[PDB]
Amino acid sequence: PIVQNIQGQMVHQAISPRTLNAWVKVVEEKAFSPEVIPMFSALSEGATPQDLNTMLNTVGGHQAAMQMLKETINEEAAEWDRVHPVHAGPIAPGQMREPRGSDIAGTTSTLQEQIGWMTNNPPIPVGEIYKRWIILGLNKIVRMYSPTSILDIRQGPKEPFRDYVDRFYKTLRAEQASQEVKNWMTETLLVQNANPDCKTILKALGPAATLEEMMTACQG
Amino acid sequence: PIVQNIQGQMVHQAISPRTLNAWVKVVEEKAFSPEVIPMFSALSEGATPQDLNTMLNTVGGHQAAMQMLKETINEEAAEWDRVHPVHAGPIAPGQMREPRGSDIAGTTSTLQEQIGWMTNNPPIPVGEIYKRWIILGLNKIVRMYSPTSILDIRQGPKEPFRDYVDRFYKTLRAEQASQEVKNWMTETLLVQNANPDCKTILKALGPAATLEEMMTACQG
Amino acid sequence: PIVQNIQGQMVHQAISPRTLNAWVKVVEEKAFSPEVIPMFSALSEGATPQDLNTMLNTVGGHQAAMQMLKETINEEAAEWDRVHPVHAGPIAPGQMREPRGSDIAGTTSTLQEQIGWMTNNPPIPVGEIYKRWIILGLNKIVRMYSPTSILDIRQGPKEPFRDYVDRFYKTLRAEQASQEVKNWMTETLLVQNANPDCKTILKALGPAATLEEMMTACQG
Amino acid sequence: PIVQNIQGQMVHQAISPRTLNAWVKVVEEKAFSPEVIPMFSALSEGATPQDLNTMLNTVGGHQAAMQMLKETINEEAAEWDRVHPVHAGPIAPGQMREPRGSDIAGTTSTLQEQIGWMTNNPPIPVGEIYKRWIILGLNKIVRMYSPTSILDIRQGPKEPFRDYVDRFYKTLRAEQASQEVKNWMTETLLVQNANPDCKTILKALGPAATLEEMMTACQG
Amino acid sequence: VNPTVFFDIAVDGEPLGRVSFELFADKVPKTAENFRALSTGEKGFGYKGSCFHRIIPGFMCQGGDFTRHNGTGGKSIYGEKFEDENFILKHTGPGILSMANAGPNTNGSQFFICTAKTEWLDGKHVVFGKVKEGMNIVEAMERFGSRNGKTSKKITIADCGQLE
């Protein structure tokens, strides 16, 4: 990835082997958790499309998920070309390159072309666009890897409220929906699926009670 | 490997022991799977032919694969010498003599001569040529390690569709016969070998079906 | 079909009866086989869309195949209308307006308009476009009339190698999935399905073996 | 095929459907025999490569033989390329470029280019070269279709000399060898494989006896 | 923005002059990068020390066969041959630098410098640059060629590289 170099002139610095090893280890140890998306977004800050292609090729296993990621990248490139076609217009006095769906995906774009598109003024946000595409793909993958539906989350007879709410919020974060749907679900589904012993306790507190009040109520 | 300085020039640098350790560890732990070529290309960016001969000789075990790689490098060097004969006689003062195939390999030349070739005006990319040759050899090696053929894939009555498609795409990336042949295979052989129930669930969606709906059909 | 004269110009000519008779006889006697497309392309060289609609409507029997061809022509006509949109504004004095997707078929246009389209300056090849569409439809028809798939081919213990390779190449020319995939199939599936004795006789020559030695090995 | 047109100006005349029907009939009844090569050379006099491709595509069945013919055409094209290199560069306005090895087989050469190569002064013998290639292929195929070898031809005890000599000369013509070898082959094999009584009858005439005397010896 | 490369031309080793070229990388980028990179020699192989093997007075000067030195060879920086990038630019006059080929999608390293307007070549050879400085050096070169292209003296690219 390119980085601000002293002084004020961005030059290309190849991806460090330690970053690739950290990525391989986090994909090996954590599989495909919701948190990987932030770890991926933070490990590849300002990365050229070639670096993101390297980081997606260095993965070991989960080839089905990588295939969905590649297909969604292709779909985003296709839609991007459809949303950004060259309509006839007077030619600009200044010419700057332009990134195609295939030029953004780093397939047919040489490293020099990407460095140009990034360091030129005004900059072309090819890296951020490809990162948005990969993040959409990773969201698809982590929502697919969900073992059970959020509607099936129910507490055991003696399962403490601690592990119950932990697993429930984990599955809810892995689940995909708008924020208002989650706001309705945390009020309609959480208290209902609890164990009756502590369900009575949560009902005694009130419907609009916060999480900490219920958690300290059923505490112990 | 060469590294640029503050003023922009580059000079030889000793190979880091961390790079060698990581390369040997990934070769030992991950054996010879499709994800060694990207990591090899990332580890030795800008490495001299001596550094690549180091990274190859340092691989203990799997000596048959290393012999295959050596034979491939030998054939590539012979073809390079045949396609680019070297001139005889006195060499110009401002130009250093062009390398032969056995010298592009770095077998019969000193490190200072490699550095002079790489930092000449114009620069001569011996490292990139030998890296391309090693990448071709590693492609042939990962082709050889391929456990099964692409046609013999048939899903068991109990083997889930996820494991089936994982194995399929694994051996498909290990095949690397071509790109359009791979595209035809993922259309035909992927749906041709499904379990009868999920098979007809996929046929219900027709050939226009994508992989995501292909999986969520048999899902649950 | 148009025909050139002594002065060099062309004009409409009535379709010859023993062409219609030959086409109807070859369609009925040979039914549908890969060698009906070359005969069709040779019989109607330079034929107007009316002549092609004649040669298609005249085919009695096999009405399902003719309906498939009509549907294929229908979809092809729609694509042509979508790809190019008629321009607005004043038209140049030396130029006049073009035909539509449905009029390329000649369904809603008189013969004089077809002749004017074919002998205009510059000429418009409506006949060649509709012939390409009909050839694609006939390819799909001969694909449907294929009696087996390419993978199911397995030579019997007594069926001679000549009959096996004949059946193989017949259903391969009737497959027409691609050209490079065909090149891979003729290397792999041809050698993979031989009878054990002649199978190992072919394996004695390695993959470098050509078809001639491949057959004269099992010969005699 | 092109033909001399009044007056003295060769113009392109498409292949007639009756010629194609005659070819299909001779490849339906005669199938593959020694007489097909002469019939083919007479039906395609001065034919453009497109006409020969049309005549080779219309053959229904015998796909192995057509594949042998295509492969031998490719081999002859490769040999022509290795013997007649084609220099790249802009063409002269008056004269046409030298045809490559694949421009002869009509694969990538448009009909206009072939017409140019034939009608130009001096003419380029593309048609005769492609005919020589197809004739080599047909010789290969007819020597392959031979049921038995010439050494296996033997007369039955009461099989008349007529059928014996007819079958022997037919197999000898189908066989492929230099005429000089055939001169010894006849004088060594014709009399030896005959019936003992007719063997002594022919040996009474002499070793260098002509065919007509040998025939009228055992006549009846 | 558009690269500029030069060629120091030599006639049997006597220095003759410098021709410099503006490569239209903003319309034919992949074609322009291949001539740029072959001029610098940065990928290991290139034009330096190759000659113009075919010079036809009043038409064009052709060169660039650095592997076989006679029009039967040369290779690109993408492999031996690549596609015709596009045909936006036309052969409008002297000084246009266009790609030689052996039919469509067969571009390698051979190029030709036009010394006349050659509109018949339009649509058949990709144009990707024009002479900037040095056209009278290209014109003087014509004298060492012939109707059929054969040149009378060896005309070499003595040195070449990128200027800007």
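Within the PDB entry, the label attached to chain E reads Peptidyl-prolyl cis-trans isomerase A, and the organism entered is Homo sapiens. Its PDB title, taken directly from the record, is "Structure of the native full-length HIV-1 capsid protein in complex with Cyclophilin A from helical assembly (-13,8)". The UniProt entry for chain E carries the following comment under Catalytic activity: "[protein]-peptidylproline (omega=180) = [protein]-peptidylproline (omega=0)". Under the UniProt heading Sequence similarities, the entry covering chain E gives this text: "Belongs to the cyclophilin-type PPIase family. PPIase A subfamily."

For chain A, the name recorded in the PDB entry is Gag-Pol polyprotein, with Human immunodeficiency virus 1 as its organism.

A. View of the overall build of chain E. Across its full length, chain E carries 2 helices and 8 strands. Listing every helix and strand of chain E by position from the N terminus yields β-β-α-β-β-β-β-β-α-β. On C-alpha atoms alone, chain E measures out to a radius of gyration of 14 Å, which is about the 15 Å that the 2.2 N^0.38 rule sets for 164 residues. Along the first, second and third principal axes, the C-alpha atoms of chain E reach 35 × 35 × 30 Å.

B. Main features of the relation of the copies chain C and chain D. Of the transformation placing chain C onto chain D, the axial shift is 0.0 Å and the rotation is 60°, giving an RMSD of 1.5 Å. One copy is carried onto the other by what is essentially a six-fold rotation axis. Considering only C-alpha atoms, the part of chain C nearest the rotation axis is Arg18(C), at 8.5 Å.

C. Up close: the state of the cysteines. Evaluated as defined, the whole model comprises 4 disulfides over all chains. Disulfide partner of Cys198(B): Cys218(B), at an S-S distance of 2.0 Å. Judged by the sign of its S-S torsion, about 90°, the cystine formed by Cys198(B) and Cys218(B) is right-handed. Of this pair, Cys198(B) sits in helix α10 (residues 196–203) while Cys218(B) sits in helix α11 (residues 211–218), and the two are 20 residues apart along the sequence. With no disulfide of its own, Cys160(E) lies closest to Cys51(E) among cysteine sulfurs, the gap being 13 Å.

D. Highlighting empty space enclosed by the protein. Taken as a whole, the largest cavity encloses approximately 60 Å³ of empty space. Lining of the largest cavity is provided by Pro17(A), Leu20(A), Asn21(A), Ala22(B), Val26(B), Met39(B), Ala42(B) and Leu43(B). Tallied by class, the residues present in the lining of the largest cavity amount to 7 nonpolar, 1 polar and no charged. Approximately 40 Å³ is the volume found for the second largest cavity. In terms of lining, the second largest cavity is formed by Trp23(A), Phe32(A), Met55(A), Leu56(A), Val59(A), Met66(A), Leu69(A) and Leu138(A). Taken together, the elements giving at least two residues each to the lining of the second largest cavity come down to α3 (49–57) and α4 (63–83) of chain A. The residue makeup of the lining of the second largest cavity, split by class, is 8 nonpolar, no polar and no charged.

E. Up close: α3(A). Most of α3(A) is tucked away: 7 of the 9 residues are buried. Taken together, the buried positions of α3(A) are occupied by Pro49(A), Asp51(A), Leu52(A), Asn53(A), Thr54(A), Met55(A) and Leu56(A).

F. Quick look at the sheet that holds strand β8 (residues 155–162) of chain E. Residue and element names in this part refer to chain E. On the basis of which strands lie adjacent, the open sheet formed by 8 strands has the order β3-β4-β6-β5-β7-β2-β1-β8 and antiparallel pairing. This sheet does not close on itself; its edge strands, each paired only once, are β3 (54–56) and β8. In this sheet, neighbouring strand axes are inclined to one another by 25° on average, regardless of whether the strands run parallel or antiparallel. Pairing between strand β2 (residues 14–23) and strand β7 (residues 127–133): 4 bridges, direction antiparallel. Bridging from a neighbouring strand, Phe21 pairs with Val131 of β7. Contacts from helix α2 (residues 135–142) reach β1 (4–11), β2, β3, β4 (60–63), β6 (111–114), β7 and β8, with the element oriented near 125° to β2.

G. Main features of the interface of chain C and chain D. Taken together, the contact pairs 20 residues of chain C with 23 residues of chain D. A combined buried area of about 2000 Å² lies between chain C and chain D, and 57% of that area is made up of carbon and sulfur atoms. The interface formed by chain C and chain D contains 1 salt bridge. Remark: the boundary between chain C and chain D carries 4 residue pairs in polar contact. Listed by contribution, the elements that provide at least two residues to the side of chain C that touches chain D are α1 (19–30), α2 (37–43), α8 (161–173) and α11 (211–218) of chain C. In terms of residue count, α8(C) provides more of the side of chain C that touches chain D than any other element does, 6 residues in total.

H. Structural context of the packing of aromatic side chains. Under the defined criterion, the tally for this structure stands at 40 aromatic pairs over all chains. Centroid distance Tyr164(B) to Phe168(B): 6.5 Å. Interplanar angle 25°. Geometry classified as stacked. Within this pair, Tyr164(B) and its partner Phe168(B) are both found in helix α8 (residues 161–175), separated by 4 residues, close to a single helical turn. The pair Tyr164(B) / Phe168(B) is uniform in exposure class, with both members buried. Among the aromatic residues, ring-to-ring pairing joins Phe7(E), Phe21(E), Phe35(E), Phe45(E), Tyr47(E), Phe52(E), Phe66(E), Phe111(E) and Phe128(E) into one connected group. When the ring centre of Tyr145(A) is taken as origin, the NZ or CZ atom of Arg162(B), which lies over that ring, is 4.6 Å away.

I. Local environment of the interface of chain E and chain B. Contact with chain E, which involves 7 residues of that partner, is made by 5 residues of chain B. For the pairing of chain E and chain B, the buried interface totals around 600 Å² over both sides, and the portion due to carbon and sulfur atoms is 58%. Sorting the residues of chain E by area buried against chain B places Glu42(E), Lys43(E) and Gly44(E) first, and these three jointly supply 43% of that buried surface. In this assembly, chain E and chain B are joined by 0 salt bridges. Inspection of the chain E/chain B interface yields 0 residue pairs in polar contact. Among the residues forming the side of chain E that touches chain B, the class breakdown is 1 nonpolar, 3 polar and 3 charged.

J. Structural view of the nonpolar core. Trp23(C), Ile134(C), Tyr130(D) and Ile134(D) are the most contacted members of the largest nonpolar core, which totals 111 residues. The contact partners of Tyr130(D), leaving out residues within four places of it in the chain, are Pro49(D), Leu52(D), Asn53(D), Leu56(D), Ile73(D), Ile104(D) and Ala105(D).

What counts, and at which threshold
- Residues numbered from 1 in each chain as written, not as in the entry; some residues may be left out.
- Chains lettered and ligands numbered in written order.
- Part of a larger assembly, values for the part shown.
- Heavy atoms only, no water.
- UniProt positions renumbered as here; feature names shortened; annotations may be inferred.
- Helix = DSSP H or I, 4+ residues; strand = E, 2+ residues; numbered from the N terminus.
- Rg over C-alpha atoms; globule rule 2.2 N^0.38 Å.
- Least-squares fit on C-alpha atoms.
- Disulfide = S-S within 2.5 Å.
- 1 Å grid on protein atoms, 1.4 Å probe; cavity = no way out; pocket = protein on both sides within 12 Å on 5 of 7 lines; lining within 4 Å.
- Points joined across faces, edges and corners; volume = space filled by probe spheres on them.
- Nonpolar A, V, L, I, M, F, W, Y, C, P; charged D, E, K, R; others polar.
- Buried < 20%, exposed > 50% of the residue type's maximum accessible area, 1.4 Å probe, protein only.
- Pairing = 2+ DSSP bridges.
- Axes fitted to C-alpha atoms, helices over the stretch in contact; angles between N-to-C directions.
- Contact = heavy atoms within 4.5 Å.
- Buried area = accessible area lost by both parts, 1.4 Å probe.
- Salt bridge = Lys/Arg side-chain N within 4 Å of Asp/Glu carboxyl O.
- Polar contact = N/O pair within 3.5 Å; in protein donor to acceptor, adjacent residues only side chain to side chain.
- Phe/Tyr/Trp six-rings, centres within 6.5 Å; stacked < 30°, edge-to-face > 60°.
- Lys NZ or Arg CZ within 6 Å of the ring centre and 35° of its normal.
- Core = buried A, V, L, I, M, F, W, Y, C linked by side-chain atoms within 4.5 Å.

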